[PDB]
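Here is how the chains run, residue by residue.
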Amino acid sequence: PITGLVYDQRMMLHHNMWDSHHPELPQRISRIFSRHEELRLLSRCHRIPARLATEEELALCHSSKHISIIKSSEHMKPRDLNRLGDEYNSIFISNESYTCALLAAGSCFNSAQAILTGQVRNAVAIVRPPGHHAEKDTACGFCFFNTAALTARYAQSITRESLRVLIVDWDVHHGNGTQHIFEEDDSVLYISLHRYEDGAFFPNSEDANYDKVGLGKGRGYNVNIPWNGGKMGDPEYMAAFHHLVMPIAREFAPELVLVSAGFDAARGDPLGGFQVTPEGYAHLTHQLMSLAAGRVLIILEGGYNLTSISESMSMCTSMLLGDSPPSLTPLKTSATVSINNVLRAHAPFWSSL
Ligand SMILES: [K+]
Ligand SMILES: [K+]
Ligand code: NA
Ligand SMILES: [Zn+2]
């Protein structure tokens, strides 16, 4: 049982040149890496090489128009980069952004390939910029290309079209990009847990609500678990996995599990405002390892407290490596209502509920 780890410092090049303190810092991935070194987790892993995604691979999920525009940013001068970035919801762009986006996706491709060919059982990808807000034709919320969505399509490309992929998105924000790409798809099961606040939390859309179960053949295969007022923690997430994520996943019988692993739901994160502990993430990870013969790829999304996310993602790697789960109140009423809402919404599609 081998765990893969992919990390490249070239992904640090992507930066905000008008605010060097912008929360999506280059140092996010470097601090996670060093913590993996420090805890002797890195030395236990099989080092998977990073690579650039090709344009043909980007076309698995993205329009050529979207690809061309972001590609052209590599040759732009600072003010043009400023203007282009302002055409999007919450995006900054540097000359290196396009290349870093390519490495993020290519790294995840190589990890998926390693898992699916049996070189490793599972893998962790310490990458940036993130991906899950990125749409087919647009960039959004610090994301340029949808790394997770692309990896699902890449995985199917190197296996068979009907490879069943589960994408679990435990980043505090709804992965609107991932939901939309696969909304009519029944080969990719998208499950997201996210702070919703009745549509008044980024990315501020009712697409993130529980009632959005998918379209056409894809009905049932989109699971939104929205949190409303207010601070949520380990109890809420554990209960969500127990009643929803793991029962549905088992019935879906995935062959590959991708985790859109943001750690902005972690205690200490300003943008999330939740209190999922590092031990919390370990237990979520451990549960997912019971799926798909352990074929699990952990892909970094959001998470902005450098100490919180280094410790949190390290905890997940420890689990993938096979360490025993660390030792961990009744649910908030609102959380219970959220879970019953999803249960009632997905009753027709999943007989296990
Ligand atoms: K999420
Ligand atoms: K789907
Ligand atoms: Na179903
Ligand atoms: Zn996030």
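Residues numbered from 1 in each chain as written, not as in the entry; some residues may be left out. Chains lettered and ligands numbered in written order. Heavy atoms only, no water. Residues with missing side-chain atoms left out of burial classes, pairs and counts.

- Structure determination for the deposited model, as stated in its record, used X-ray crystallography, and the stated resolution is 2.0 Å.

- Identification of the chain as Hdac6 protein from Danio rerio is taken from the PDB entry.
- The record lists the entry's title as "Crystal structure of Danio rerio histone deacetylase 6 catalytic domain 2".

## Quick look at the sheet that holds strand β2 (residues 46-47)
So, point 1. Pairing is parallel across the open sheet formed by eight strands, whose spatial order is β2-β1-β3-β8-β7-β4-β5-β6. Looking along the sheet, the strands with just one partner apiece sit at the ends: β2 and β6 (222-227).
So, point 2. Looking at chain direction, strand β1 (residues 3-7) and strand β3 (residues 122-126) are connected through five bridges and run parallel. Across the sheet, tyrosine 7 pairs through a bridge with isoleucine 126, a residue of β3.
So, point 3. Relative to the sheet, helix α10 (residues 306-320) contacts β1, β3 and β8 (296-300), its axis offset from that of β3 by approximately 160°. (Pairing = 2+ DSSP bridges. Helix = DSSP H or I, 4+ residues; strand = E, 2+ residues; numbered from the N terminus. Contact = heavy atoms within 4.5 Å. Axes fitted to C-alpha atoms, helices over the stretch in contact; angles between N-to-C directions.)

## Some remarks on the nonpolar core
So, point 1. Ranked by internal contacts, the top residues of the largest apolar core, which has 108 residues, are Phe145, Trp170 and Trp227.
So, point 2. The element best represented in this core is helix α5 (residues 97-116), accounting for 11 residues. (Core = buried A, V, L, I, M, F, W, Y, C linked by side-chain atoms within 4.5 Å. Buried < 20%, exposed > 50% of the residue type's maximum accessible area, 1.4 Å probe, protein only.)

## Some details on α5
So, point 1. Along its 20 residues, α5 runs 29 Å from first to last C-alpha, staying within 8% of the 28 Å computed at 1.5 Å per residue.
So, point 2. Among the 20 residues in α5, 17 count as buried, and that is most of the element.
So, point 3. The positive-phi residue at the C-terminal boundary of α5 is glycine 118, with phi of around 85°. (Expected span 1.5 Å × (residues − 1).)

## Regarding the coordination of the potassium ion (ligand 2)
So, point 1. Taken together, the protein donors to the potassium ion (ligand 2) comprise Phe182 (O), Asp185 (O), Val188 (O) and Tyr221 (O), at separations of 2.7 to 2.9 Å.
So, point 2. Read in sequence order, the donor residues coordinating the potassium ion (ligand 2) give the pattern F-x2-D-x2-V-x32-Y. Each member of the pair, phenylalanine 182 together with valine 188, is buried. (Donors = N, O, S within 2.8 Å, 3.2 Å for Na, K, Ca; no water.)

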